[PDB]
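# Coordinate analysis (summary)
Residues per chain are reported as follows:
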Amino acid sequence: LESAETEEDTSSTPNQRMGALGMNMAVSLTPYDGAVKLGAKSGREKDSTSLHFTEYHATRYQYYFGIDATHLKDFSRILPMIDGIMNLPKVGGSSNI
RNA sequence: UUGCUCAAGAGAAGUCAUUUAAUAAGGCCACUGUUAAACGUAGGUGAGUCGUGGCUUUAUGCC
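The rules behind the values
Residues numbered from 1 in each chain as written, not as in the entry; some residues may be left out. Chains lettered and ligands numbered in written order. Part of a larger assembly, values for the part shown. Heavy atoms only, no water. Near = heavy atom within 4 Å. Polar contact = N/O pair within 3.5 Å; in protein donor to acceptor, adjacent residues only side chain to side chain. Nonpolar A, V, L, I, M, F, W, Y, C, P; charged D, E, K, R; others polar. Patch = residues over 30% accessible without salt bridge, like charges linked within 9 Å, V, L, I, M, F, W, Y side chains within 5 Å. Areas by Shrake-Rupley, 256 points an atom, 1.4 Å probe, with all protein chains shown as cover. Salt bridge = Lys/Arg side-chain N within 4 Å of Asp/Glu carboxyl O. Helix = DSSP H or I, 4+ residues; strand = E, 2+ residues; numbered from the N terminus. Buried < 20%, exposed > 50% of the residue type's maximum accessible area, 1.4 Å probe, protein only. 1 Å grid on protein atoms, 1.4 Å probe; cavity = no way out; pocket = protein on both sides within 12 Å on 5 of 7 lines; lining within 4 Å. Points joined across faces, edges and corners; volume = space filled by probe spheres on them. Core = buried A, V, L, I, M, F, W, Y, C linked by side-chain atoms within 4.5 Å. Contact = heavy atoms within 4.5 Å.

In the PDB archive, cryo-EM is given as the structure determination method for this entry, at a resolution of 2.83 Å.

Below, the structure written as C-alpha cells:
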C-alpha cells in the first residue's frame, strides 16, 4: 500500500520488489478469423442464459519471457520456474470446452 | 530503476427432437458391302530316368 503513496522504494522494510521474471503477452502465430461456437443448453425449457456464442481460435500461441537470475533472492529458485515453464498446467481459459 | 513496482475475464452450459424426391414414360421406325477376276511359278523348327515282363531261337524285333 505504501508503495503507491511515495516516490522511493523504501519506507526500513522494502516497500516493493520488481519481479525477477517478466513475460510478454502470448500472441497467436496465425491471424484470427472470426470463428464462433453455438452453446444452446439441453432442455425443452428454453429461457434466457441459453444459446450463447463462444469465440475460439485454432492456432498456436507464442510468448516471450525474461528473468534476471541474479535478481533472485535465492539463486536456486530459477530451476523450478523453468520446470513450470515447460510443464505449464493451464493458462486461464475455458478448459471445460 | 520506466503514470512504474503487484495484477487469471474467470467458473458452467447437447442445436436439439420429427420428416419417402416421390408418382409416369418403347431410341423408335428403313437399309444386300452390288459387279469382275487362272497362283502365278520357287522364303524353315525349342529337350525324361534308372537293373526284363506277355509273344518271338539267346538273337532281334512286336505288345
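### Section: the protein's contact with RNA strand B
Surrounding RNA strand B, one finds 20 residues, the nearest of these being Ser3, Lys37, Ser42, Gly93 and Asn96. The contact atoms of RNA strand B, taken as those within 4 Å of the protein, divide so that sugar and phosphate hold 60%. One of the backbone nitrogen or oxygen atoms of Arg17 is found 3.1 Å away from a sugar or linking oxygen of RNA strand B. Note that a phosphate oxygen of RNA strand B is positioned 3.0 Å from one of the backbone N or O atoms of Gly19. Looking at the surface near RNA strand B residue by residue, the class counts come to 4 nonpolar, 11 polar and 5 charged.

### Points about a nonpolar patch on the surface
A cluster of nonpolar side chains, contributed by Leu21, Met23, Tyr63, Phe65, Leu88 and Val91, occupies part of the molecular surface with about 550 Å² of accessible area. One can find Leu88 in the segment after α1 (78-86). Exposure remark for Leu88: the relative accessible area of 44% places this residue in the partly exposed category.

### Remarks on unusual backbone geometry
Phi is positive for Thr49, close to 60°, though the residue is something other than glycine. Along the polypeptide, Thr49 turns up in the loop between β3 (36-38) and β4 (53-55). On the basis of relative accessibility, which here comes to 60%, the residue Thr49 falls in the exposed class. Backbone geometry places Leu51, a non-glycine residue, at a positive phi of 60°. Looking at where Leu51 falls in the secondary structure, it is placed in the loop between β3 and β4. With relative accessibility at 44%, the residue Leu51 sits in the partly exposed group.

### Looking at the layout of surface pockets
Here the largest pocket defines a volume of roughly 300 Å³. Taken together, 14 residues form the lining of the largest pocket, with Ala26, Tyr61, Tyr63, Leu88 and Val91 sitting closest to its centre. Take the lining of the largest pocket: its biggest share by element is 3 residues, from α1. Partitioning the lining of the largest pocket into residue classes produces 9 nonpolar, 5 polar and no charged.

### Re the nonpolar core
Here is a general trend for soluble globular proteins: nonpolar side chains tend to be buried in one another's company. One finds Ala20, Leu72, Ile78, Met81 and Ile85 forming the largest nonpolar core, which totals 5 residues. The contacts of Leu72, once residues within four sequence positions are left out, are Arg17, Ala20, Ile67, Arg77 and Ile78.

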